[PDB]
Every structure is written in C-alpha cells, then in structure tokens.
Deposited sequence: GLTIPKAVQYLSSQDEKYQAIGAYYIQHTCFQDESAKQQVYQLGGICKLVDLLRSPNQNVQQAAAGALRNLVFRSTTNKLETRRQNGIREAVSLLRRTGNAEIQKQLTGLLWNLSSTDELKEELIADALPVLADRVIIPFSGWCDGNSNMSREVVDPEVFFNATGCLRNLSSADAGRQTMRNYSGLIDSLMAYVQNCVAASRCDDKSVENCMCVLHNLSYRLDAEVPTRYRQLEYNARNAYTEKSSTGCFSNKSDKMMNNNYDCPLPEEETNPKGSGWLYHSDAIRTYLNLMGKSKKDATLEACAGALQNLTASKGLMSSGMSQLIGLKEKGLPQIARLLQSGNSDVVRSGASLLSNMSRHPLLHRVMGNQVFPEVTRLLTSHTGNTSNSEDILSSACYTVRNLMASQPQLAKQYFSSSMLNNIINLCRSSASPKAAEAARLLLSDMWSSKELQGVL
C-alpha cells in the first residue's frame, strides 16, 4: 500500500522491518504539509512512536525519533500531546544510552522544537537540561566527540529554556554550563569563526542568563552596597563569567566581527542587561566596558545598522552607561556624533524608534550636563528642529516625554540656550 493511516498501524506490530518503515514513512510524508500531522495525531501515532524508542533496533530508534521531531515542528498541539504521552521522559532516556550520532541529532532536534512551546519548558529544564549539558554541551567545548549538529540543536534547546525565570536561574547554577558555553564562544572568536554554527544560540543563552543579574546572583557589588571598587574573581567559575571582563571582551569581540544581527543583538543585549541595575554593579560593568575593554567603538557602530532591533540594543546600552560619571568623558569623545545623527532621523514611528529615541535622549541629557560644549558642537539645526515636534507628537508618549524632558533639562545650566 503506502499511506499514512496504515503506517500508523505499521508502527504497532512486532516485525521491526515494518516498525522501521512506519515512523520513517510518517517522518517524511508528514514533513511539510501540516495536515498529515493532524492525521497522525488524531490517529494516535504520537503514542505509538513514543514507545518504539525503547526498541532494540537503532533504526526503529532513528525512525521514531525523527518522525516525532518532524511531527511536532511548529504545532502547539502535537507538542502538548507528545508530553501527555510520556515522551519528554522517553526522549531523554535515549540520549543517556546512545552512541548513534543520528539518534542524538534527532532527539536533540525534537527537544529543541518542544522548547518553543512557551509552557511545558519546565519539564525540559527539569529532565532535559542535564543530559544536554552533560553528554552534548560540555564535552563539545572541552571545558574539562559529539557532532557539531547535536551541539547545535542542544544549544538551540537551552536558548529557549534560558527564556523563563526558572531555566535562567537553573543554568546559572548548573556546574560547568556557562563555563562551557563560554569556552566555545571564546574558542570560536580565536578561530576567527565569529559566526560559527552555534555562536548565536550560545550568545543568546548568555544574553538571557545576564538578565537581572545584580538582582539575582550575589557579588562583591551587592556587598559593597550594604556597608556603603571590587577586584574581580581571578578564577571565574560558572555563574561567575557573566560579569567578568573576560566575557565582556569576548562579547565586544563578537560585536565588531560578527555578520549576524541576531548575534550582534545578543552581544549588545547582554551588556545592556549587565548594566541595567541602576546600582553599583552597573557602574563597574559600565566601566569595564567603556574603559577597560574600550568598547564604545563597536557599540556606537551598531547605531548605523540597517536593522532597528540592532540600533535598539546599542542605544539601550549606550544610555545605561551614560548614567555613570566615569564614562561621560570617554562617551563624549566617541558617542555624541553618532547618537546625535541618530536623533535627527528617528521620528518615533516604530515600536522600536520610540525606544531608540527614549534612549538616545536620556543619553544626551546625561552626557551634556557635564560639558555644554559638546552640545554647541553636535546639536545641528535639524537635530534641533526634529525634537520639538516630538514633545507634541501624541502618537508617541514615550519619545515625546524624553524629548521634552531633554529640552527642559537643557535650560538647567547657564550655558544652555546657546543655539536655539
């Protein structure tokens, strides 16, 4: 015969020769159509394939594995059911005892697909994360074989998990994980493979694990904060890297060489998160960025990107740094020109540009307070015109406010009126 309906059944009977054909058949057939997925689903193929993984034949193992990976791909339904059928439990119990590269690629690709389903992540970080951190991720970076693709899917998987409050706080504590993700990115940067296969994933996981850091992971900054400069761990361990100048440099490195916006946004992103804290860690981190690793350049360069999601991060980053006095000089010598142009064109007509503005304004206010002259040098007639309206433009409360706020806070000094 051939068809789906029979394949589903082909799965159930004892001859592995017809158990192989089964999943394999529904793997392709049900690759890119979305209707054969409905079928297999409402046909109970989910369950059938879920068991077969226990099977003694690698093929009936590959077959079921893939069939599942594809069956789920982009389908809230099939995902949910894949769990209800006791699969997240079965997929992981296969990675633990497998030497097959293809089986590892499939199971891992499967799991990746599941992690995008915003809710059932919890059982993944609970039961999936470990096997991935151990058998795939760690032994790939050599943080002491694993196929480059298995690591790809795994890091993809963790990239989604690093998205929930729990996953973030579980990896920051899972011994050797960040340590490894860290090697790989660093390794790739030396190999001059800034856009290597899984750098973006890894760079995203780190972006995510750097969210609200001074608020969660304890450090010297928080201590220096209770009884009131820090050294900086000599031997950063896991959670420890996220705030080390070693990583800042590796990020800033990716930033200037990468060709992927996705990656640029992460690099910019993590720096943004590390410097959100309005506390003391934000001041040190800002300094370690703009002063020790002298990174203003690669950041203010992002501001010209032909991608708004990218300019967002840069300016979002520039703004926070501008909050600390120690970076006013340095920022004035290398950021003012580029932020200004980026405040003469951004109308605030996008969900982003309203952000780019709220940031490129806060930035100028913070900076200009310390040295009027910088205003006299970059506030171009146009840049000047293009900001009043903003205060009016009721179509952008956000931009407006910071825009007029940048204006009023622009008459708070004797040397301020000049131009206008």
Expected output for missing-CA ranges on the deposited sequence is 145-153, 238-265
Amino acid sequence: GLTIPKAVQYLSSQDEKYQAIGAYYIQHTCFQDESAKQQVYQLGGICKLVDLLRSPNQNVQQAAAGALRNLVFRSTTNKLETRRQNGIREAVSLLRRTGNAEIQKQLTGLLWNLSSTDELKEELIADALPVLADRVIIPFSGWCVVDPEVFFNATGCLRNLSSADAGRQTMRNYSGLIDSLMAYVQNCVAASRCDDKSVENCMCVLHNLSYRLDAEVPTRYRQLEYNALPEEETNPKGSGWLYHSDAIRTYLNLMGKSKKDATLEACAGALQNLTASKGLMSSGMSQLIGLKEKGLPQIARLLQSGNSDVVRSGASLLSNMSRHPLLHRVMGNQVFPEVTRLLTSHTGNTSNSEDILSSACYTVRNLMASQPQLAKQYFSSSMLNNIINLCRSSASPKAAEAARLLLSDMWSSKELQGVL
From here on, numbers count along this sequence of modelled residues.
Once average C-alpha B-factors are taken from the entry for 185-193 and 346-354, the winner is 346-354
Avg C-alpha B-factor, entry values, 300-308 vs 248-256, higher side is 300-308
Listed options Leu68, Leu367, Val40, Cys361: highest C-alpha B factor recorded at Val40
From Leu229, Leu206, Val330, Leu318, the top C-alpha temperature factor is at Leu229
Tertile call for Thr219 (CA temperature factor, within chain, third-based) is the highest
Temperature factor at the Cα of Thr275, chain-ranked in thirds, falls in the lowest
Sorting the chain's modelled residues by C-alpha B-factor and splitting them into thirds places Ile125 in the highest
By the entry's values, the third containing the CA B factor of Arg97 is the highest
Chain-relative C-alpha B factor for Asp261 (record values, thirds): the lowest
